[PDB]
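Undergrad: Need coordinates for the following:
(chains A and B, ligands or ions: 4)
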2 protein chains.
Amino acid sequence: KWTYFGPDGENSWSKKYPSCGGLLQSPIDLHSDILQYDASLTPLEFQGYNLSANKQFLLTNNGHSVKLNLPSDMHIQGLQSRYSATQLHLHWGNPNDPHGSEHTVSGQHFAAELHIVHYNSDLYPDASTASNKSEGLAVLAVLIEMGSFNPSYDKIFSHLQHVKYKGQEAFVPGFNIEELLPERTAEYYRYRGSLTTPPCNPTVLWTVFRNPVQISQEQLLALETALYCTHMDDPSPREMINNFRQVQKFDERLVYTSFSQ
Amino acid sequence: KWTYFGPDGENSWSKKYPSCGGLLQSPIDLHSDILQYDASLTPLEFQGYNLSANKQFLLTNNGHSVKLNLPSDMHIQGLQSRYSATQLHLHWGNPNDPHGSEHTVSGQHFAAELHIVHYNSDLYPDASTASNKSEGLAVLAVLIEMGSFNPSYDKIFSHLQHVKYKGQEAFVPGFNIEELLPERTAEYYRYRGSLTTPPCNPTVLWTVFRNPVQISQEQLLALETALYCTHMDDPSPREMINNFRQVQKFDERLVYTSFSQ
Ligand SMILES: CCCSc1ccc(S(N)(=O)=O)cc1
Ligand SMILES: CCCSc1ccc(S(N)(=O)=O)cc1
Ligand SMILES: [Zn+2]
Ligand SMILES: [Zn+2]
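TA: Numbers count the residues shown, from 1 in each chain, chains lettered A, B, ... in the order given. Ligands and ions are numbered 1, 2, ... in the order given. Below is the structure in question.
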């Protein structure tokens, strides 16, 4: 239907998803020439991130990433409208080239990238309806690099073996999703862009935190090697690797920063 | 009517040119994880590059770049067949952002890039026929950085006001094409890839020289302001700027280097 490789990879998405060839596409390279400090960019507030340890949240392998469903009482405060959470998921490379973030900074990929997807619940009833509408979506992006073991990311990664194949689903006990955010969340890049996968709707307000998080080499290896993008009984299995989009052209536009220094 | 910007830009080329969505696409980012030294990459020799100043060669704006036609007696010695020259041309950015190379190195763009296109003349009678056969083409790529004025490049650039519009033709006296190549041509990157424009045929043996050449800011500004993709009489003119493709996924390819450090 769509993939990140072969005949149905990214250069072919615009045949069935015309917005993939339209305006405002993400991701982009965040580089100094196009950065502009904007003192209007104040800190976001993450509300309802501390998920009940008494509730369970659905983890799925959807054949393109691993996604955790989030509840709509979790939201971002600080934007014009409230944006309520719908899901999180990740993008990564492969062990021979372990640099699979979607955004780059001064031309450099990070190892991986987490996206916490929210929709404008003041204007729209659910994420599906908001997804192709004005001001519809807001995604937070965390850049990931190898470093220290990260116990919070392991609250997700410990479940990967239960969602190895496309279609499979596991339950994850609530935990504080703010633990997956980096230091100094007040420091971020902000621009108007798009979903980085089909349908590529140009309806995303991006917030990419300035500082990366760390995960260990073993945790990064697990994320790169645990999943397949095929069904369990597919006689031709494919490993889920390199599930990021290449950077798009971004011309005569700025990315605004909440930091100058 | 494919372009580098807008609805007919590069995410849409695969709608009309299926090889643009196929394998083995160029350009690519040259970075350490995918480099491997190959001691079998011996030096090329450039034969018949010193074109007579008393002869003249056709310069044409083809709607996508500016190209200089080259004579078939100009050839590369050192591949497994003789490859004869057919044309050279360039890719570049724009006046406010002079960063328009096609290949990148460790995620950074150079100002511009020169391609000297050759075809297997042992097997094929012309470059068009060669272009759709396996390793039918060999392209040399020179990375261009903003630096000193370069009198040799100016033997092309001094004619740009005479090929401003699509289809226009000018004559350039012969000069020594080897003066467009960088220092230490024995140091290069080699990989199997494709044309970087439609029809994106995967039939190119690429050689990217390790070292860049320099042209001045004034020479880049001339190149970036002289030319149009449209005909002289077109009521909707379009500036020929940013005529480079984004880098492509490396579909399990390595890039081989003739230098080990
Ligand atoms: C509400 C849209 C659901 S589909 C979807 C597709 C891609 C993204 S991304 N990678 O965060 O831009 C997020 C969501
Ligand atoms: C012989 C093929 C002529 S068309 C052509 C199209 C693209 C290239 S490129 N930019 O050198 O890959 C070179 C030639
Ligand atoms: Zn994503
Ligand atoms: Zn070219």
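Undergrad: so what's the closest residue to ligand 2 within the stretch 151-261 of chain A up against?
TA: Per CB to the nearest ligand atom, residue A:249 is where the stretch 151-261 of chain A lies closest to ligand 2, at 16.9 Å. For the C-beta atoms, the positions are set from N, CA and C on the backbone; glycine is no exception. Residue A:249 makes contacts with A:25, B:4-5, B:9-10, B:242, B:246, as judged by CB atoms under 8 Å, 6 or more residues apart in numbering or on different chains.
Undergrad: Selection in PyMOL covering whichever of those are buried, please.
TA: In PyMOL, a selection of the buried entries from the contacts of residue A:249 looks like this (16 or more other CB atoms under 10 Å in any protein chain shown):
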select buried, (chain A and resi 25) or (chain B and resi 4+9+10+242+246)
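Undergrad: Pull the most distant pair out of the contacts of residue A:249.
TA: A:25 and B:242 (14.8 Å; CB to CB).
Undergrad: what distance separates stretch A:100-112 from the centre of its chain?
TA: Centroid separation for stretch A:100-112 versus its chain: 12 Å, with CA atoms, centre = their mean, to the nearest Å.
Undergrad: Alpha carbons only: can I get that stretch in CSV?
TA: Provided in CSV are the C-alpha atoms of stretch A:100-112 (Å, rounded to 0.1, in the frame of the first residue of the first chain):
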residue,chain,number,x,y,z
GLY,A,100,17.2,7.3,11.5
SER,A,101,15.6,10.4,12.9
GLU,A,102,13.3,12.2,10.6
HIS,A,103,14.4,15.8,11.4
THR,A,104,18.1,16.6,11.1
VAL,A,105,20.0,19.4,12.8
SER,A,106,22.7,21.1,10.6
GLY,A,107,22.5,18.2,8.3
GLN,A,108,22.9,15.5,10.9
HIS,A,109,20.5,12.7,11.8
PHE,A,110,20.0,11.5,15.3
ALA,A,111,19.7,7.8,16.0
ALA,A,112,15.9,7.8,16.3
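Undergrad: right, is it up against chain B?
TA: Yes. Stretch A:100-112 comes into contact with chain B (CB under 8 Å from any CB of the partner chain), by way of A:104, A:106-109.
Undergrad: Select from those the one having the most neighbours.
TA: Counting neighbours by other CB atoms under 10 Å in any protein chain shown, residue A:109 leads these with 24 neighbours.
Undergrad: Please name the nearest non-neighbouring residue to that one.
TA: Closest residue to residue A:109 apart from its sequence neighbours, by CB to CB, 6 or more residues apart in numbering or on different chains: residue A:99 at 3.8 Å.
Undergrad: doesn't residue A:107 make contact with that neighbour?
TA: No. Contact criterion CB atoms under 8 Å: residue A:99 and residue A:107 do not qualify, at 11.4 Å.
Undergrad: which SS class is residue A:155?
TA: The three-state label given to residue A:155 by DSSP: H, G, I helix; E, B strand; the rest coil is helix.
Undergrad: Contact partners for it?
TA: A:172, A:175, A:179.
Undergrad: rerun that using 7 Å as the cut-off
TA: With contact taken as CB atoms under 7 Å, 6 or more residues apart in numbering or on different chains, residue A:155 is in contact with residue A:175.
Undergrad: Ok, residue A:178 next?
TA: Counting by CB under 7 Å, 6+ apart, residue A:178 touches A:46, A:49.
Undergrad: Tell me if I am right that it is in a helix.
TA: Yes. Judged by three-state DSSP, residue A:178 forms part of a helix.
Undergrad: tell me the SS of the residue lying farthest from the centre of chain A?
TA: Distance from the centre of chain A peaks at residue A:235, with 30.0 Å (CA atoms, centre = their mean). Classification of residue A:235 by three-state DSSP places it in coil.
Undergrad: surely residue A:38 meets residue A:256?
TA: Yes. Shown here, residue A:38 and residue A:256 form a contact pair, counting by CB atoms under 7 Å, at 4.1 Å.
Undergrad: Looking at those two, which one has more neighbours?
TA: When neighbours are counted by other CB under 10 Å, residue A:256 comes out ahead of the other of residue A:38 and residue A:256, with 17 against 13.
Undergrad: what sits against the more buried one?
TA: A:36, A:38, A:41, A:190-191.
Undergrad: Run a quick check on residue A:244 versus residue A:97, I expect a contact.
TA: No. In this structure, residue A:244 is not within contact of residue A:97 by CB under 7 Å, at 11.1 Å.
Undergrad: Among the two, which residue is more densely surrounded?
TA: residue A:244 (26 against 17).
Undergrad: how close does the closest residue to residue A:25 other than its chain neighbours sit to residue A:123?
TA: Closest residue to residue A:25 apart from its sequence neighbours, by CB to CB, 6+ apart: residue A:248 at 4.0 Å. According to CB to CB, to the nearest Å, residue A:248 and residue A:123 sit 26 Å apart.
Undergrad: Give me the more crowded residue out of these two.
TA: residue A:248 (20 against 16).
Undergrad: show me the contacts for that one.
TA: With CB under 7 Å, 6+ apart, residue A:248 has these contacts: A:25-28.
Undergrad: From residue B:27, how far out is it?
TA: Distance, residue A:248 to residue B:27, using CB to CB: 15 Å.
Undergrad: do the same with residue A:71
TA: To residue B:27, residue A:71 is 44 Å away according to CB to CB.
Undergrad: Look at those two and report which has more neighbours.
TA: Just comparing residue A:71 and residue B:27: by other CB under 10 Å the higher neighbour count belongs to residue B:27, 23 against 15.
Undergrad: for chain A, what spans make up the helices?
TA: Assigned by DSSP state H, chain A shows helices spanning A:13-16, A:127-130, A:151-157, A:217-225.
Undergrad: export these to JSON lines and tack on distance to residue B:203?
TA: JSON lines is the format used below for the helices of chain A (distance: least, CB to CB, whole Å):
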{"stretch": "helix A:13-16", "distance to residue B:203": "23"}
{"stretch": "helix A:127-130", "distance to residue B:203": "43"}
{"stretch": "helix A:151-157", "distance to residue B:203": "43"}
{"stretch": "helix A:217-225", "distance to residue B:203": "32"}
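Undergrad: So for residue B:56, which of those sits nearest?
TA: Closest to residue B:56 of the helices of chain A is helix A:13-16 (CB to CB; 42.5 Å).
Undergrad: For chain B, tell me whether that closest one is touching it.
TA: Yes. Counting by CB under 7 Å from any CB of the partner chain, contacts between helix A:13-16 and chain B involve A:14-15.
Undergrad: contact partners of that helix?
TA: Helix A:13-16 is contacted by residues A:2, A:20-21, A:198, A:200, B:11-12, B:14-15 when judged by CB under 7 Å, 6+ apart.
Undergrad: These into JSON lines, with extra columns for distance to residue A:158?
TA: JSON lines is the format used below for the contacts of helix A:13-16 (distance: CB to CB, whole Å):
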{"residue": "A:2", "distance to residue A:158": "29"}
{"residue": "A:20", "distance to residue A:158": "34"}
{"residue": "A:21", "distance to residue A:158": "39"}
{"residue": "A:198", "distance to residue A:158": "30"}
{"residue": "A:200", "distance to residue A:158": "32"}
{"residue": "B:11", "distance to residue A:158": "37"}
{"residue": "B:12", "distance to residue A:158": "42"}
{"residue": "B:14", "distance to residue A:158": "40"}
{"residue": "B:15", "distance to residue A:158": "43"}
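Undergrad: Can you lay out these as TSV showing neighbour count?
TA: Shown next, in TSV, are the contacts of helix A:13-16 (neighbours: other CB atoms under 10 Å in any protein chain shown):
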residue	neighbour count
A:2	17
A:20	26
A:21	22
A:198	16
A:200	26
B:11	27
B:12	21
B:14	23
B:15	17
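Undergrad: now, which of those residues sits nearest ligand 2?
TA: Of all the contacts of helix A:13-16, ligand 2 sits closest to residue B:14, with 15.6 Å by CB to the nearest ligand atom.
Undergrad: I figured residue A:166 hits residue A:60, correct?
TA: No. In this structure, residue A:166 is not within contact of residue A:60 by CB under 7 Å, at 9.2 Å.
Undergrad: Many thanks, have a good one.
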